[PDB]
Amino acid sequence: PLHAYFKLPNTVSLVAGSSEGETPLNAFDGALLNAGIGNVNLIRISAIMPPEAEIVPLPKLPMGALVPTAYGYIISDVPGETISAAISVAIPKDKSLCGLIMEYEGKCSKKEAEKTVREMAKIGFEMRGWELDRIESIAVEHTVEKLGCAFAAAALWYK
């Protein structure tokens, strides 16, 4: 590749994690680290999986990389409160179309968050009137001890 070819991300990786922290940002950083995406820069995106992009396990990312990432997170300082974050990726039957990435966060269980985010993806496809192939999702819940963060993401990268 003697000449860098412009391209849209072609991989999407679903990760999720949670962590306690002394401050909201430290808990967030902890959640990222727990999710396996803690030493890279997350560039928040509105969430669209580029056509022909493949869902793959999180690639080995260069530290400090500017990773276009669709994510949802929630931080709580209420002891005993269970918080969750979930990400869904609606995949089209028509491969020339894009996938839809939805995120959800709330004071609920992992199961509810995942169900809600998957439903949101479905709704997005209905709004577009696109044929839905399937929905891939991930979710995580965290029971706050003192200060915790639940985080779920779809990291877009290049294979």
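We number the residues from 1 along the sequence you see.
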Inset, instruction - Would you determine, from the values in the PDB entry, which of 51 to 59 and 30 to 38 has the greater average C-alpha temperature factor? - result: 51 to 59
Legend entry - Residue with highest C-alpha B-factor in the PDB entry, from 120, 100, 108, 66: 108
Inset, instruction - Between 86, 74, 78, 89, let me know which has the highest C-alpha B-factor in the entry? - result: 78
Inset, instruction - Select lowest, middle or highest to describe the third in which the CA B-factor of residue 9 falls within its chain in this entry. - result: lowest
Inset, instruction - Sort the modelled residues of this chain by their C-alpha B factor and say whether residue 139 lands in the lowest, middle or highest third. - result: lowest
Inset, instruction - Could you say whether, by C-alpha temperature factor, residue 25 belongs to the lowest, middle or highest third of its chain? - result: middle
Legend entry - Record-listed C-alpha B factor of residue 149: chain third: middle
Legend entry - Among modelled residues of the same chain, the CA temperature factor third for residue 133: middle
